[PDB]
């Protein structure tokens, strides 16, 4: 009866779009028989990595899976644990929080609206015509 155990993580939150690289220090694992299992109400996903990303079967580097909802408007806390597909064994749940995305294109767009009037004024009051 082996036991999965997450000892340490370098971060407990990331973008809802997924893609954040996490360093997970755990107990001895089998590189070909292991995964990072993210769960929430009616939703489950796996972190992405290859067996080449398991360091001495005692640490794992993967990228968070994207959250069920991309246009998340508020932080949503989910569970993150080690899962051994072999016998379906799981580790003590650890908390992981997804946050509204930090996209740059949108970051600019939301900023475009938010400043339409202010811009219409600066160029209005400027020596420029048009």
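Numbering follows the first chain given and starts at 1.
- Between 52-60 and 70-78, the higher mean Cα B-factor belongs to 70-78.
- As listed in the deposited structure, the average C-alpha B-factor of 86-94 and of 99-107 is greater for 99-107.
- Residue 10: CA B factor lies in the lowest third for its chain, per the PDB record.
- When the CA B factors of the chain's modelled residues are split into thirds, the value for residue 16 lands in the middle one.
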